[PDB]
Amino acid sequence: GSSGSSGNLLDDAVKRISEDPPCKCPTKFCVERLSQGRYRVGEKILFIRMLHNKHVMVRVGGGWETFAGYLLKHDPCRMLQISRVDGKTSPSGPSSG
Ligand SMILES: [Zn+2]
């Protein structure tokens, strides 16, 4: 749905980062704006926040990571760039509400 708000700082950054570097694959990643601090990343819904409008982090199931870092993880074409991560340790079982 359309809300009608000027260029949001968080959204502005998220949009850029997601489109920079631009996904090489023939299929652009899944990124849709739902609500202030909410975006559809891939096949899951996370809460992307901005620290002092300087740092971009996301809400995961056990802490917060760098948006650009969470994307590179899934995005294969991104993994190319020098990256260093472990993974995700969480007990299977989705949520609804
Ligand atoms: Zn890609």
# chains A, B, ... in the order shown; residues from 1 in each chain; ligands from 1
>>> residues_around(residues="residue 30 in chain A", least_positions_apart="2", cutoff="9 Å", atoms="only C-alpha atoms", output="MDAnalysis selection string")
chainID A and resid 27:28 32 40:43
>>> residues_near_ligand(ligand="ligand 1", cutoff="12 Å", atoms="only C-alpha atoms and all ligand atoms", output="tab-separated table (two decimals) with N, CA and C atoms, in the first residue's frame")
chain	number	residue	atom	x	y	z
A	18	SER	N	21.22	-2.17	-1.30
A	18	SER	CA	20.66	-3.31	-2.01
A	18	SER	C	20.99	-3.24	-3.50
A	19	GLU	N	20.99	-2.02	-4.04
A	19	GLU	CA	21.29	-1.82	-5.45
A	19	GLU	C	22.72	-1.30	-5.64
A	20	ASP	N	23.61	-1.71	-4.74
A	20	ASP	CA	25.00	-1.29	-4.80
A	20	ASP	C	25.84	-2.04	-3.78
A	21	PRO	N	26.64	-3.01	-4.26
A	21	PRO	CA	26.71	-3.34	-5.69
A	21	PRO	C	25.43	-4.00	-6.19
A	22	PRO	N	25.07	-3.71	-7.45
A	22	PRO	CA	23.87	-4.27	-8.08
A	22	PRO	C	24.00	-5.76	-8.36
A	23	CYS	N	23.01	-6.53	-7.93
A	23	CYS	CA	23.01	-7.97	-8.14
A	23	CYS	C	23.28	-8.31	-9.60
A	24	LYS	N	24.32	-9.10	-9.83
A	24	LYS	CA	24.69	-9.50	-11.19
A	24	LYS	C	23.69	-10.52	-11.74
A	25	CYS	N	23.38	-11.53	-10.94
A	25	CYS	CA	22.44	-12.57	-11.35
A	25	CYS	C	21.31	-11.97	-12.18
A	26	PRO	N	20.73	-12.80	-13.06
A	26	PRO	CA	19.63	-12.39	-13.94
A	26	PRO	C	18.33	-12.14	-13.17
A	27	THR	N	18.39	-12.32	-11.85
A	27	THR	CA	17.23	-12.12	-11.00
A	27	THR	C	17.57	-11.25	-9.80
A	28	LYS	N	16.98	-10.06	-9.74
A	28	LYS	CA	17.22	-9.14	-8.64
A	28	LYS	C	16.66	-9.70	-7.33
A	29	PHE	N	17.39	-9.49	-6.24
A	29	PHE	CA	16.97	-9.97	-4.93
A	29	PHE	C	15.58	-9.43	-4.58
A	30	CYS	N	14.92	-10.10	-3.63
A	30	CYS	CA	13.59	-9.69	-3.20
A	30	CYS	C	13.67	-8.64	-2.10
A	42	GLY	N	14.45	-11.32	0.57
A	42	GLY	CA	14.41	-12.68	0.06
A	42	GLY	C	13.06	-13.34	0.26
A	71	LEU	N	22.82	-9.41	3.22
A	71	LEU	CA	22.49	-9.58	1.81
A	71	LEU	C	23.54	-10.42	1.10
A	72	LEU	N	24.81	-10.06	1.29
A	72	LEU	CA	25.91	-10.78	0.67
A	72	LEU	C	25.83	-12.27	0.98
A	73	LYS	N	25.41	-12.59	2.21
A	73	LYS	CA	25.29	-13.98	2.63
A	73	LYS	C	24.43	-14.77	1.66
A	74	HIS	N	23.20	-14.32	1.46
A	74	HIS	CA	22.27	-14.99	0.55
A	74	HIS	C	22.71	-14.80	-0.90
A	75	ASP	N	22.87	-13.55	-1.31
A	75	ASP	CA	23.28	-13.23	-2.67
A	75	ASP	C	24.61	-13.90	-3.00
A	76	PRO	N	24.58	-14.81	-3.98
A	76	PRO	CA	25.77	-15.54	-4.42
A	76	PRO	C	26.76	-14.65	-5.16
A	77	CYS	N	26.25	-13.85	-6.09
A	77	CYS	CA	27.09	-12.95	-6.87
A	77	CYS	C	27.85	-11.99	-5.95
A	78	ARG	N	27.32	-11.79	-4.75
A	78	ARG	CA	27.95	-10.89	-3.78
A	78	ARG	C	29.06	-11.62	-3.01
A	79	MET	N	28.78	-12.85	-2.61
A	79	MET	CA	29.76	-13.65	-1.88
A	79	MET	C	31.15	-13.49	-2.47
A	80	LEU	N	31.21	-13.25	-3.77
A	80	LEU	CA	32.49	-13.08	-4.46
A	80	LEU	C	33.39	-12.12	-3.70
A	81	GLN	N	32.91	-10.90	-3.47
A	81	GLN	CA	33.67	-9.89	-2.75
A	81	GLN	C	34.20	-10.45	-1.43
>>> residues_around(residues="range 88-92 of chain A", least_positions_apart="6", cutoff="12 Å", atoms="only C-alpha atoms", output="number ranges by chain")
A: 60-65, 70, 73-74
>>> select_by_dssp(residues="chain A", states="alpha helix (DSSP H)", output="compact mmCIF listing (two decimals) with N, CA and C atoms, in the first residue's frame")
# COMPACT_ATOMS: atom_id res chain seq x y z
N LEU A 9 15.28 8.40 5.18
CA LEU A 9 16.71 8.15 5.29
C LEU A 9 17.01 6.66 5.24
N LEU A 10 16.39 5.90 6.14
CA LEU A 10 16.59 4.46 6.19
C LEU A 10 16.30 3.82 4.83
N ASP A 11 15.12 4.09 4.29
CA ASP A 11 14.73 3.54 3.00
C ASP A 11 15.74 3.92 1.92
N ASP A 12 16.17 5.17 1.94
CA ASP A 12 17.14 5.66 0.96
C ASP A 12 18.42 4.83 1.00
N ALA A 13 18.94 4.62 2.20
CA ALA A 13 20.16 3.84 2.37
C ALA A 13 19.95 2.39 1.97
N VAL A 14 18.90 1.77 2.51
CA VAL A 14 18.59 0.38 2.21
C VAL A 14 18.49 0.16 0.70
N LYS A 15 17.74 1.02 0.03
CA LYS A 15 17.56 0.92 -1.41
C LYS A 15 18.91 0.94 -2.13
N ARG A 16 19.75 1.91 -1.78
CA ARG A 16 21.06 2.04 -2.39
C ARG A 16 21.89 0.78 -2.15
N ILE A 17 22.19 0.49 -0.89
CA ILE A 17 22.97 -0.68 -0.53
C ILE A 17 22.52 -1.90 -1.32
N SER A 18 21.22 -2.17 -1.30
CA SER A 18 20.66 -3.31 -2.01
C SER A 18 20.99 -3.24 -3.50
N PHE A 67 23.16 -4.84 7.33
CA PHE A 67 22.30 -5.08 6.18
C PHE A 67 23.11 -5.58 4.99
N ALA A 68 24.15 -4.83 4.63
CA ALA A 68 25.01 -5.19 3.51
C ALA A 68 25.62 -6.57 3.72
N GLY A 69 25.82 -6.95 4.98
CA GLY A 69 26.40 -8.24 5.29
C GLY A 69 25.39 -9.37 5.17
N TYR A 70 24.16 -9.11 5.59
CA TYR A 70 23.10 -10.11 5.53
C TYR A 70 22.72 -10.42 4.08
N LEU A 71 22.82 -9.41 3.22
CA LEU A 71 22.49 -9.58 1.81
C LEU A 71 23.54 -10.42 1.10
N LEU A 72 24.81 -10.06 1.29
CA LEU A 72 25.91 -10.78 0.67
C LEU A 72 25.83 -12.27 0.98
N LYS A 73 25.41 -12.59 2.21
CA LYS A 73 25.29 -13.98 2.63
C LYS A 73 24.43 -14.77 1.66
N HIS A 74 23.20 -14.32 1.46
CA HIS A 74 22.27 -14.99 0.55
C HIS A 74 22.71 -14.80 -0.90
N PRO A 76 24.58 -14.81 -3.98
CA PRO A 76 25.77 -15.54 -4.42
C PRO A 76 26.76 -14.65 -5.16
N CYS A 77 26.25 -13.85 -6.09
CA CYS A 77 27.09 -12.95 -6.87
C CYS A 77 27.85 -11.99 -5.95
N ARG A 78 27.32 -11.79 -4.75
CA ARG A 78 27.95 -10.89 -3.78
C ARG A 78 29.06 -11.62 -3.01
N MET A 79 28.78 -12.85 -2.61
CA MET A 79 29.76 -13.65 -1.88
C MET A 79 31.15 -13.49 -2.47
>>> atom_distance(atom1="CA of residue 31 in chain A", atom2="CA of residue 47 in chain A")
12.2 Å
>>> residues_around(residues="range 35-38 of chain A", least_positions_apart="4", cutoff="9 Å", atoms="only C-alpha atoms", output="list in words")
residues 8, 10, 11, 45, 46, 47, 48, 49, 50 and 58 of chain A
>>> write_last_selection(atoms="C-alpha atoms", output="tab-separated table (two decimals), in the first residue's frame")
chain	number	residue	atom	x	y	z
A	8	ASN	CA	13.09	8.31	4.14
A	10	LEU	CA	16.59	4.46	6.19
A	11	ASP	CA	14.73	3.54	3.00
A	45	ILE	CA	10.50	-10.43	6.79
A	46	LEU	CA	13.12	-8.60	8.85
A	47	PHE	CA	13.27	-5.24	10.63
A	48	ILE	CA	16.01	-3.05	9.16
A	49	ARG	CA	17.04	-0.22	11.48
A	50	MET	CA	19.50	2.67	11.19
A	58	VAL	CA	18.79	-5.70	10.60
>>> select_by_dssp(residues="chain A", states="strand (DSSP E or B)", output="MDAnalysis selection string")
chainID A and resid 31:35 38:41 44:51 55:61 63:66
>>> write_last_selection(atoms="C-alpha atoms", output="PDB file, in the first residue's frame")
ATOM      1  CA  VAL A  31      13.384  -6.303  -1.485  1.00  0.00           C
ATOM      2  CA  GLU A  32      10.044  -4.620  -0.796  1.00  0.00           C
ATOM      3  CA  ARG A  33       9.135  -1.853   1.651  1.00  0.00           C
ATOM      4  CA  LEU A  34       6.376  -2.796   4.094  1.00  0.00           C
ATOM      5  CA  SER A  35       6.674  -0.248   6.902  1.00  0.00           C
ATOM      6  CA  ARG A  38      10.383  -3.272   7.669  1.00  0.00           C
ATOM      7  CA  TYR A  39      11.401  -4.809   4.342  1.00  0.00           C
ATOM      8  CA  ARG A  40      10.854  -8.147   2.603  1.00  0.00           C
ATOM      9  CA  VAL A  41      14.350  -9.616   2.295  1.00  0.00           C
ATOM     10  CA  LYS A  44      11.596 -13.606   5.006  1.00  0.00           C
ATOM     11  CA  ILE A  45      10.500 -10.434   6.795  1.00  0.00           C
ATOM     12  CA  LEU A  46      13.120  -8.599   8.854  1.00  0.00           C
ATOM     13  CA  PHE A  47      13.274  -5.241  10.634  1.00  0.00           C
ATOM     14  CA  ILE A  48      16.011  -3.050   9.161  1.00  0.00           C
ATOM     15  CA  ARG A  49      17.037  -0.216  11.480  1.00  0.00           C
ATOM     16  CA  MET A  50      19.504   2.666  11.193  1.00  0.00           C
ATOM     17  CA  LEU A  51      21.936   3.634  13.954  1.00  0.00           C
ATOM     18  CA  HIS A  55      24.871   2.469  10.300  1.00  0.00           C
ATOM     19  CA  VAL A  56      22.373   0.057   8.750  1.00  0.00           C
ATOM     20  CA  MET A  57      21.509  -3.047  10.771  1.00  0.00           C
ATOM     21  CA  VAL A  58      18.793  -5.705  10.603  1.00  0.00           C
ATOM     22  CA  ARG A  59      16.740  -7.612  13.173  1.00  0.00           C
ATOM     23  CA  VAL A  60      17.588 -11.321  13.191  1.00  0.00           C
ATOM     24  CA  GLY A  61      16.721 -14.261  15.421  1.00  0.00           C
ATOM     25  CA  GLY A  63      21.020 -10.212  17.456  1.00  0.00           C
ATOM     26  CA  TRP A  64      21.624  -7.661  14.710  1.00  0.00           C
ATOM     27  CA  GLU A  65      23.952  -7.651  11.701  1.00  0.00           C
ATOM     28  CA  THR A  66      24.960  -5.304   8.884  1.00  0.00           C
TER      29      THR A  66
END
